[PDB]
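>>> Pasting an experimental structure with its sequence.
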Amino acid sequence: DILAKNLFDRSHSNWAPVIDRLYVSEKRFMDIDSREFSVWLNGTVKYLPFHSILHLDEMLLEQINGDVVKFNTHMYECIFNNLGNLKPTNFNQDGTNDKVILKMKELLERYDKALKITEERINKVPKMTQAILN
RNA sequence: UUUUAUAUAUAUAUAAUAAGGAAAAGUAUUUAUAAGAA
């Protein structure tokens, strides 16, 4: 029923019902191939609301069992694109307590972690792309 | 472009994928001065 109400209208594809379904569902994203799934998710899922982007973030975490190192480029790109496409809820006068900015630095620090845990394990690697900076 | 996917020997040939969209009104003194004709 979820595919019918929103996805049928080509102009505006609303993926909040879909993400909410797959977050409510116990199966979530586990047991799904990282590669095909990352490319599809990045390609199609855009303009998500903030809470949807959260649920998607933790549920990719649960897909990958919480291994920061495995977390691929396209995964970053999807989360970052959705975060950026969000407009500010309100222009706070100081304008530094935004949620999106904090989650954005959270993801960057997570990347730094993943790199450090990979190097420590030594004792493909993820990359940053112009899309994330943009 | 970039990122990944397959294949082959870190690299090569192919396929797919593209983040840059903002609206608004009103806010003088100029300077020195070079002419040709039969």
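All right, it came through fine. Numbers count the residues shown, from 1 in each chain, chains lettered A, B, ... in the order given.
>>> Against residue A:26, how distant is residue A:73?
In this view, residue A:73 and residue A:26 are 28 Å apart by Cβ to Cβ, to the nearest Å. Heads up, the C-betas are built off the backbone N, CA and C, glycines and all.
>>> Can you give me the neighbour number for residue A:61?
16 (other Cβ atoms under 10 Å).
>>> Kindly report the same for residue A:80.
Neighbour count of residue A:80, defined by other Cβ under 10 Å: 22.
>>> which ones are touching it?
A:104, A:107, A:131, A:132 (Cβ atoms under 8 Å, 6 or more residues apart in numbering).
>>> The third one and RNA strand B, how far apart?
Taking Cβ to the nearest atom of the strand, to the nearest Å as the criterion, residue A:131 is separated from RNA strand B by 4 Å.
>>> For that residue, what are phi and psi?
Dihedral pair for residue A:131: phi -60, psi -40, per degrees, to the nearest 10.
>>> ok so, going back, looking at the contacts of residue A:80, which has the most residues close by?
Neighbour counts for the contacts of residue A:80, by other Cβ under 10 Å, peak at residue A:132, which reaches 19 neighbours.
>>> And the residue of chain A closest to RNA strand B?
Residue of chain A nearest RNA strand B, by Cβ to the nearest atom of the strand: residue A:134 (3.1 Å).
>>> Which one of residue A:73 and residue A:26 is surrounded by more residues?
Taking other Cβ under 10 Å, residue A:73 and residue A:26 do not tie; residue A:73 has more neighbours (18 against 5).
>>> pretty sure the more buried one is touching residue A:126, no?
Yes. Taking Cβ atoms under 8 Å as the definition, residue A:73 is a contact partner of residue A:126 at 5.4 Å.
>>> OK, contacts around residue A:113?
Per Cβ under 8 Å, 6+ apart, neighbours of residue A:113: residue A:68.
>>> Tell me the secondary structure at it.
Here residue A:113 is recorded as helix under DSSP: H, G, I helix; E, B strand; the rest coil.
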